[PDB]
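J.: Residue numbers (full-length UniProt numbering): 1025 to 1191. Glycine included, every Cβ here is placed at the ideal spot set by N, Cα and C. The structure follows.
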Ligand SMILES: Nc1nc2[nH]c(=O)cnc2c(=O)[nH]1
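So this is what it looks like as structure tokens:
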């Protein structure tokens, strides 16, 4: 048993809810929250900007030190950093950004990072301002992630479309 509440079960391991991932993280304090990161860990907008704002910019300060030491992530890659006030850990995962012309085939590689963690609170990778079709992102998630993933979908309209179109 875990602390996640109000989710619809899609598969053996994937669950979904209409929720603001920031408010969900604050309530649950999951072991792992996933950030929709870019390779520079510049948390300006979308999910990343919202998570970072909720940490009072401490996520950005930590991220800047990580990049100064290690250089940028790969598209499809990830790093584990602090979860600050939101979670034990934040898994920063870089899905391809369609609005930058990145290969959508990298979305599967991005979701493979989730398999290193038994349970995660996550957004749909490459959705929102990353430009991919969220229906596609949910299909890749279900067909790639084998660990237990709790998906938070901010937009109620999109949530209802994801559920009602799910195969
Ligand atoms: N689940 C989810 N929650 C959010 N909350 C925000 O404040 C901004 N963006 C998102 C998002 O893209 N997904």
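Starting from residue 1160, trace the beta strand (DSSP E) in both directions and tell me its first and last residue.
T.: No beta strand (DSSP E) holds residue 1160; the alpha helix (DSSP H) holding it covers 1158 to 1168.
J.: Does DSSP classify residue 1180 as helix, strand or coil?
T.: Here residue 1180 sits in helix by DSSP.
J.: Spell out whether any CB of chain C is found under 8 Å from the CB atom of residue 1035.
T.: Looking at the structure shown, chain C is missing, and only one protein chain is on hand.
J.: Answer yes or no: do residue 1039 and residue 1175 have a C-beta to C-beta separation smaller than 8 Å?
T.: yes
J.: Is the closest heavy atom of ligand 1 to the C-beta of residue 1070 under 7 Å?
T.: yes
J.: For residue 1128, does the three-state DSSP call read helix, strand or coil?
T.: coil
J.: Could you name the residues that DSSP lists as bridge partners for residue 1042?
T.: 1177
J.: Which whole-angstrom value is the C-beta distance of residue 1087 and residue 1115, which I expect to be below 8 Å?
T.: The Cβ separation is near 13 Å, so there is no contact.
J.: With contact counted as at least three CB pairs below 8 Å, one residue from each stretch, are the region 1078 to 1097 and the region 1167 to 1174 in contact?
T.: no
J.: Any chance the CB of residue 1030 is under 7 Å from a heavy atom of ligand 1?
T.: no
J.: Closer than 7 Å: is that where the CB of residue 1045 sits relative to any heavy atom of ligand 1?
T.: yes
J.: How long is the line joining the alpha carbons of residue 1152 and residue 1158, rounded to whole angstroms?
T.: 8 Å
J.: Report whether the distance from the Cβ of residue 1118 to the nearest heavy atom of ligand 1 is below 7 Å.
T.: No, Cβ of residue 1118 sits at least 7 Å from all heavy atoms of ligand 1.
J.: State the beta-bridge partners of residue 1145 as determined by DSSP.
T.: 1057, 1174
J.: Confirm the yes/no value for this check: CB of residue 1107, any heavy atom of ligand 1, distance under 7 Å.
T.: no
J.: Might you give, ordered along the chain, the residues of its own chain that have their beta carbon closer than 6 Å to the beta carbon of residue 1099, omitting 5 neighbours on each side?
T.: 1118, 1120, 1126, 1130
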